[PDB]
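Each remark here refers to the structure printed beneath this line.
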Amino acid sequence: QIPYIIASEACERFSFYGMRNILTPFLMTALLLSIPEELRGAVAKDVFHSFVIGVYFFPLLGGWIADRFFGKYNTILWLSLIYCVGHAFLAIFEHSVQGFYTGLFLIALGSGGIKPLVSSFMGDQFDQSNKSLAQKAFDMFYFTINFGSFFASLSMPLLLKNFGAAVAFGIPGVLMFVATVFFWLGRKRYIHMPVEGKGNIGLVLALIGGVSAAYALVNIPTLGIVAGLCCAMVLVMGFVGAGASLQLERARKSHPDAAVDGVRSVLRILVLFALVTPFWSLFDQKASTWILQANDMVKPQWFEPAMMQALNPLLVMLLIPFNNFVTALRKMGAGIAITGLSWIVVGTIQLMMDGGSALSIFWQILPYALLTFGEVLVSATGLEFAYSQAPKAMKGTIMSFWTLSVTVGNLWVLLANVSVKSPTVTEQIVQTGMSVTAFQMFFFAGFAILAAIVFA
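Residue numbers 13 to 206, 227 to 358, 371 to 500, in PDB author numbering, belong to the letters of the sequence shown in order.
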């Protein structure tokens, strides 16, 4: 017996995608302090993208507890009773300032820290017949991700219009008590596996540790509750990522070679992955700004703005045999080039809503399907590039950084509604050539092309 994994995994996806979906419309429907639709969006992204940060930020504090401190089954149980607690906080504290974020805070750690746990765990539940069952695992987990979005459109958005908005956030939380039930029932099958020469060259490296320590203080006056915390992290790990790629290379005193030489090479390849970050700013944002364009668009009383969002990843399930007919480095080089055009394609159609404004349903399907091809070129290749880097045992850098690039891409989304919102002089210049809304539909479109150049 091993299927208890997917039985529970099935219930996480509606609890996460039926959450991620509802996030933006609920900000627009349940907020007072938020003034116009211009100041209802730069508040929807401010508190929602700060939640997607936390979901991809927590995987660090997930394993840190799961390997150094607690076990695996104890982590997944303890975190789920924090995941469902997060949901329970939502439906109960529906109309609350503190109550709602304090809720989203527990989803951020409850979900975030759990995904790097469940993923490793499956392959562990089989060592005897550790062969053909390995193929089943990745496929049954990926048939959950596709089925996850299905529930988020045909039965989840309708829970706010045709049903009360409270029980709408209440339903995923009921599905979580089901996930815990699958583990209390899964309690059987469980496994755990936890000199003037030296004084002149050496002072050059140590000082860059004070250079990186200076960036974190600049975040205190920013008044960034979230942005300031994530910026302090990115700036430190950024000026140690490429900065300390020579700092420890110079002061290497009796540490392995050929093994660390085939691993220290991976750390500079990690920077080539940090260039695939503006894709996550256009795929975790499809759940925010993409739903904003649909609101002004003339949509019917059944095809609500939330459906279109949770209907497009269902195109990947049919995209599989098409990739067989249509060179690893070249495959991922096209992923960044796709989002450059796929974003600007609607960056023109958005200004037509201020003029013509028509179709809506079919005039949102085509520009969304454009990302769906580049969606396959990043997810299926971003993981398999661990083979070409050659670290093998050194795994606690592959997942912990490729997935923590999702958490950096969302700081660039958070940047857009701060630098192109708060200053008066900056606002006077941006509104000259184009509009406030379409400038983001230009800035983000252009940034995906800026990355394809650095890629080389």
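All residues carry an ideal CB built from backbone N, CA and C; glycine is no exception.
Can you give the Cα-Cα distance for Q279 and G229, rounded to whole angstroms?
Position 247 of the sequence shown, counted from the first residue, corresponds to residue 279. Position 197 of the sequence shown, counted from the first residue, corresponds to residue 229. Spanning the two alpha carbons is a distance of roughly 16 Å.
By DSSP, does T425 sit in helix, in strand, or in coil?
In the sequence shown, the residue the question calls residue 425 occupies position 381. Residue state, collapsed to three classes: helix.
Helix, strand or coil for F486 per DSSP?
Counted from its first residue, the sequence shown places residue 486 at position 442. Reduced to three states, the DSSP call for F486 is helix.
Identity of the residue in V452, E24, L459 and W456 nearest residue 211 by Cα:
Residue numbering in the chain jumps from 206 to 227; residue 211, which lies between, is not modelled.
Nearest residue (CA-CA) to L43, options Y113, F354, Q325 and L314:
The sequence position of residue 43 within the sequence shown is 31, counting from 1. Closest by alpha carbon: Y113.
Residue from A319, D328 and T371 with nearest C-alpha to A342
Indexing the sequence shown from 1 puts residue 342 at position 310. Out of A319, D328 and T371, the CA that lies nearest to the CA of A342 is found in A319.
Quick check: what's the CA-CA separation for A492 versus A378?
Taking the first residue of the sequence shown as 1, we reach residue 492 at position 448. Taking the first residue of the sequence shown as 1, we reach residue 378 at position 334. About 11 Å.
Taking the alpha-carbon of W456 as reference, which of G122, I17 and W312 has the nearest alpha-carbon?
Counting from one through the sequence shown, the residue named residue 456 turns up at place 412. Residue nearest to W456 within the set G122, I17 and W312 is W312 (criterion: CA-CA distance).
Looking only at its own chain, which residues have a Cβ that is under 6 Å from the Cβ of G418, when we skip the five neighbours before and after it?
One-based indexing of the sequence shown puts residue 418 at position 374. Within the same chain, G418 has close Cβ partners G379, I382 and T383.
If we require 4 or more residues per run, which alpha helix (DSSP H) segments fall completely within the segment 228-288?
Taken in chain order, the unbroken stretches of alpha helix (DSSP H) that lie wholly in the segment 228-288 and span 4 residues or more are 230-238, 240-247, 259-273 and 279-282.
Taking 8 Å as the threshold (C-beta atoms), are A177 and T425 in contact?
As a working mapping, residue 425 is identified with position 381 in the sequence shown. As a working mapping, residue 177 is identified with position 165 in the sequence shown. Judged by beta-carbon spacing, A177 lies beyond the 8 Å limit of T425, meaning their Cβ atoms are not closer than that value.
CB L314 to CB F28, shorter than 8 Å?
What you label residue 314 is simply residue 282 of the sequence shown in a count that begins at 1. What you label residue 28 is simply residue 16 of the sequence shown in a count that begins at 1. In this structure, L314 keeps its C-beta atom at 8 Å or more from the C-beta atom of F28.
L44, DSSP secondary structure in three states
As a working note, residue 44 is residue 32 in the sequence shown. Coil.
How would you write the range of the alpha helix (DSSP H) that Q140 sits in, first residue to last?
Sequence index remark: in the sequence shown, residue 140 carries index 128 (1-based). First-last for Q140: undefined, no H or E at that position.
Could you give the residue range of the alpha helix (DSSP H) that holds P169?
As a working mapping, residue 169 is identified with position 157 in the sequence shown. No alpha helix (DSSP H) holds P169; DSSP gives it neither H nor E.
Local conformation of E49 per DSSP, three classes:
By 1-based counting over the sequence shown, the position of residue 49 is 37. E49: coil per DSSP, three-state reduction.
Could you tell me the distance, in whole angstroms, from the CA atom of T441 to the CA atom of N454?
On the sequence shown, residue 441 is found 397 positions in, with the first residue counted as 1. On the sequence shown, residue 454 is found 410 positions in, with the first residue counted as 1. The C-alpha of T441 lies about 20 Å from the C-alpha of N454.
Considering only their Cβ atoms, is the gap separating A482 from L395 smaller than 8 Å?
Locating residue 395 in the sequence shown gives position 351, where the first residue counts as 1. Locating residue 482 in the sequence shown gives position 438, where the first residue counts as 1. Contact: yes.
Can you tell me whether DSSP reads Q325 as helix, strand or coil?
Indexing the sequence shown from 1 puts residue 325 at position 293. Note: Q325 maps to helix in three-state DSSP.
Along the chain, where does the alpha helix (DSSP H) that runs through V303 open and close?
Taking the sequence shown and counting its residues from 1, the one referred to as residue 303 is at position 271. Where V303 is concerned, the enclosing alpha helix (DSSP H) stretches over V298 to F305.
In three-state terms, what does DSSP make of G115?
Walking along the sequence shown from the start, residue 115 turns up at place 103. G115 sits in a helix when the DSSP states are folded into three classes.
Quick check: the segment 23-39 against the segment 433-440, are there 3 or more CB pairs under 8 Å?
Not touching, per the Cβ criterion.
Beta carbon of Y85, beta carbon of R201: below 8 Å?
Stepping through the sequence shown from its first residue, residue 85 is reached at position 73. Stepping through the sequence shown from its first residue, residue 201 is reached at position 189. The answer is no: Cβ separation not under 8 Å.
So, with DSSP's three-state summary, where would you put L385?
Translated into positions along the sequence shown, residue 385 becomes position 341. In the structure shown, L385 adopts helical secondary structure according to DSSP, grouped into three states.
Kindly indicate which residue of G490, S423, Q13 and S297 has the alpha-carbon position closest to the one of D136.
To locate residue 136, count along the sequence shown from 1; it is residue 124. Ranking the options by Cα distance to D136, first place goes to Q13.
Return the CA-CA distance between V64 and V227, expressed in angstroms with no decimal places.
As a working mapping, residue 64 is identified with position 52 in the sequence shown. As a working mapping, residue 227 is identified with position 195 in the sequence shown. Computed Cα separation, rounded: 51 Å.
Quick check: what's the CA-CA separation for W334 versus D139?
Start at 1 with the first residue of the sequence shown, and residue 334 comes out as number 302. Start at 1 with the first residue of the sequence shown, and residue 139 comes out as number 127. Rounded to whole angstroms, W334 to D139 spans 49 Å at the Cα level.
Where do the N-terminal and C-terminal ends of the alpha helix (DSSP H) with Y202 fall, by residue?
Reading the sequence shown from its first residue, position 190 is the one you call residue 202. DSSP places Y202 outside any alpha helix (DSSP H), giving it a letter other than H or E.
For the pair the segment 73-92 and the segment 104-124, tell me if three or more CB-CB distances fall below 8 Å.
At 8 Å Cβ cutoff, the stretches touch.
Taking Cβ to Cβ, would you say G273 is nearer than 8 Å to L239?
Here residue 273 refers to the residue found at position 241 when the sequence shown is read from its first residue. Here residue 239 refers to the residue found at position 207 when the sequence shown is read from its first residue. Their beta carbons are not under 8 Å apart, which means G273 does not touch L239 by this criterion.
Excluding the 5 residues flanking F60 on each side, which residues of the same chain have their C-beta closer than 7 Å to its C-beta?
Along the sequence shown, read from residue 1 onward, the residue named residue 60 stands at position 48. Around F60: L35, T36, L39 and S320.
Same chain, Cβ closer than 8 Å to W90, neighbours up to 5 away in sequence not counted:
As a first step, residue 90 must be located in the sequence shown, where it is residue number 78. Answer for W90: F82, listed in chain order.
Ignore the nearest five residues each way along the sequence and tell me which others in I88's own chain have a CB closer than 8 Å to its CB.
Against the sequence shown, residue 88 aligns to sequence position 76. Excluding positions up to five away in sequence, the list reads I126, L129, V130, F133 and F195.
Three or more beta-carbon pairs under 8 Å between the segment 285-295 and the segment 258-269, yes or no?
At 8 Å Cβ cutoff, the stretches do not touch.
Nonlocal neighbours in the same chain, by C-beta distance under 8 Å from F105, ignoring five residues either side:
For the purposes of this step, residue 105 is identified with residue 93 of the sequence shown, where counting begins at 1. The residues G111, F112, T114 and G115, in chain order, have a CB closer than 8 Å to that of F105 in the same chain once the five nearest residues on each side in sequence are set aside.
By how many angstroms is the C-alpha of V422 removed from the C-alpha of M376?
Stepping through the sequence shown from its first residue, residue 376 is reached at position 332. Stepping through the sequence shown from its first residue, residue 422 is reached at position 378. Between the C-alpha atoms of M376 and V422 there is a straight-line separation of about 6 Å.
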